[PDB]
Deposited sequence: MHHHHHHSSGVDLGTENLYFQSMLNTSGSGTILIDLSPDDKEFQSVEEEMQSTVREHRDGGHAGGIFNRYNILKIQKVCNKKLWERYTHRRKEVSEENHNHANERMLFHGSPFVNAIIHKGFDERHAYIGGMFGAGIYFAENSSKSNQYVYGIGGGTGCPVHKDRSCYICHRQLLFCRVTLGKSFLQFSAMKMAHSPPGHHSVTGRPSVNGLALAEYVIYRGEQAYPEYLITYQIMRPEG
């Protein structure tokens, strides 16, 4: 029961999402192997995701987390990257399929850095690249990220050297302990704690 509302480039809501999309690009330590080499995106379209059942699922779980955390859901707007955003905008997030392990264990991954989410669009470590050119840095094929509303509540703070929640926590925060430039990543283990608000269709742009 999902509806997609295409946003005009003139809409204030379109510009504030693209802005967040463009300004959260950062240099990547891996030399762009996973997500490709680029400094900015070409936004082809942004779509608002509306689904009543999914929203109720989210707000319901949000109320429970909030009451377990001094009335603080600790809600963020985070980017999500994976090759399943097509099923997700219809079926919503589902922790049952989130068994693939990452840097911070298994679970559903989000990031403040859009370019970090871009790394996982075509699979873990970029997979084998786009289905058509097998190029992880393809400048032609379309990519899709979700700009989601996520509930973090009491989040366990994990530091890196750069599946259920920890007892008494509703999520996990992944933070670099030396590179203060890389923004945080987040992992949740309840599909109900994330709602995909926006669908961003884009291409990475080849630097000049």
Requested in this report: Report the unmodelled segments of the deposited sequence as residue ranges counted from 1.
Outcome: 1-29, 192-193, 240
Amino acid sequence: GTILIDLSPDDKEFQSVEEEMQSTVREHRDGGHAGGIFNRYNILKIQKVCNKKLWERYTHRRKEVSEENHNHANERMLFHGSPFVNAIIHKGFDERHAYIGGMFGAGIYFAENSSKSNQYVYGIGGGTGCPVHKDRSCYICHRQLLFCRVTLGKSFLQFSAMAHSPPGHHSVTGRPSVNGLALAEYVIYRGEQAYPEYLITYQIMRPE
From here on, numbers count along this sequence of modelled residues.
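Basically, rigid core = biggest C-alpha set you can superpose within 1.5 Å across the two forms.
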Requested in this report: Superpose on the core, then say which of 163-171 and 149-157 ends up with the larger RMS Cα offset from this form in 9 other deposited structures of this protein.
Outcome: 163-171
Report summary line: Comparing 69-77 with 98-106, larger root-mean-square C-alpha distance from this form in 9 other deposited structures of this protein, core superposed, belongs to 98-106
Query raised in the report: For the C-alpha atoms alone, is the average B factor greater in 164-172 or in 30-38, going by the entry?
Result: 164-172
Query raised in the report: Which has the higher mean CA temperature factor in the PDB entry, 95-103 or 108-116?
Result: 95-103
Report summary line: Split the chain's modelled residues into thirds by Cα B-factor; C141 lands in the lowest
Requested in this report: Pull the Cα B-factor of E185 out of the PDB entry and bin it into the chain's lowest, middle or highest third.
Outcome: lowest
Query raised in the report: What third of its chain's C-alpha B-factors does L157 belong to: lowest, middle or highest?
Result: middle
Query raised in the report: Which third of the chain holds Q15 when residues are ordered by C-alpha B factor: lowest, middle or highest?
Result: highest
Report summary line: For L7, the third of its chain by CA B-factor is the highest
